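Notes follow the structure.
None of the figures in this text is laboratory data; all of them are computed from the coordinates on show. As a convention, Cβ positions derive from the backbone with ideal geometry for all residues, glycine included, and neighbour counts pool all protein chains shown.
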Amino acid sequence: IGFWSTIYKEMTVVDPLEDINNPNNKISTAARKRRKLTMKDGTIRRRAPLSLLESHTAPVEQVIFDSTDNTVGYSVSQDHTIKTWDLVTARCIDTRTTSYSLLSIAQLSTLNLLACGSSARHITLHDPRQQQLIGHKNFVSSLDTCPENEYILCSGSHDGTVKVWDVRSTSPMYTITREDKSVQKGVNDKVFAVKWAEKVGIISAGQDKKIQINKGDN
RNA sequence: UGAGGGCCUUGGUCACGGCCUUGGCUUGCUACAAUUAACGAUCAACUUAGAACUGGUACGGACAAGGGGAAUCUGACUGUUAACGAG
């Protein structure tokens, strides 16, 4: 996991040339030309991360800030575990182990819960200091939380159907699908991104090029 | 002559540091030379296959198995006292 700064002046510069130019020990001509081919689009500013938090043993699928602390860094990876981080010390604080690879993580700070959607077609609820939502039919790719209601979260999955869930229940309330005449259910139909926008509703996008907007307002 | 970086700076903005704007090493497009680059640089490969010292050759000097020579009679028998026979 990388820890970066939005303001680029606070982060150390990285120079691709200096690796092959300052020592210049046994850099081959072909390697030099290959390096040169990577800066054909001008010389844009390049920066190095403020920190590199490294404890996961499998590809990390998502990372989020704490909705209150800004120092707690919950993240999920393909190594069935949820790790919380101390961004000040860049260290892993606590680890939780799930049975399946986790693909998305979302937070419900108003009731202190973490919803992790896994590759086992379900979303597990954890207390970062329980119940699990089921009903999907493929990988749960992304999650989002309702802005006005604190008990509702939306989930998009690789089966092409978004679903809205109440936390207290275990079944979806509404199952949004892709409204398109040219989409096939299992050929080109996936939801790679879902978003709860407080003004326009639910935005879903994926394998089908169309970006779909659904009301999702009372 | 356009682009991207670096040092400058000018105002408004949020408690030395952000946000929005103002004017002055790399590469892109064009114009005249060079096309003997038939040059130069760099990375990578490369170590000495030789062993053996056998004899028969022509020559120079002594041994080599061992008493010799001639002619007639005689036995199978050619082209000059023909030859031959361990007679």
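What the table below lists for this structure:
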| quantity | calculated |
| --- | --- |
| Within region A:1-52, tally of residues that are in a loop (DSSP other than H, G, I, E, B) and under 30 Å from residue A:92 (Cβ atoms) | 12 |
| Region A:1-33, residues that are within 10 Å of RNA strand B (Cβ to nearest atom) and among the aromatic types (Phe, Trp, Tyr) | A:8 |
| Of all residues making up region A:34-61, the number that are over 30 Å from residue A:82 (Cα atoms), of a type in the set (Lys, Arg) and within 11 Å of RNA strand B (Cβ to nearest atom) | 4 |
| Residue ID - farthest from the chain's Cα centre (by Cα), chosen from residues in region A:184-195 that are within 22 Å of residue A:216 (Cα to Cα) and outside any strand (DSSP E or B) | A:189 |
| Cross-chain or 6+ apart pairs with Cβ under 8 Å, region A:199-218 first and within 15 Å of residue A:149 (Cβ to Cβ), then among the basic types (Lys, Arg) | A:201/A:215; A:202/A:195; A:202/A:215 |
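Here's the yes/no breakdown for (1) surrounded by fewer than 12 Cβ atoms within 10 Å (Cβ to Cβ); (2) part of a loop (DSSP other than H, G, I, E, B); (3) out of contact with any strand residue (DSSP E or B) (no Cβ under 8 Å at 6 or more places or on another chain):
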{"residue": "A:62", "(1), (2), (3)": "no, no, no"}
{"residue": "A:67", "(1), (2), (3)": "no, yes, no"}
{"residue": "A:76", "(1), (2), (3)": "no, no, no"}
{"residue": "A:79", "(1), (2), (3)": "no, yes, yes"}
{"residue": "A:83", "(1), (2), (3)": "no, no, no"}
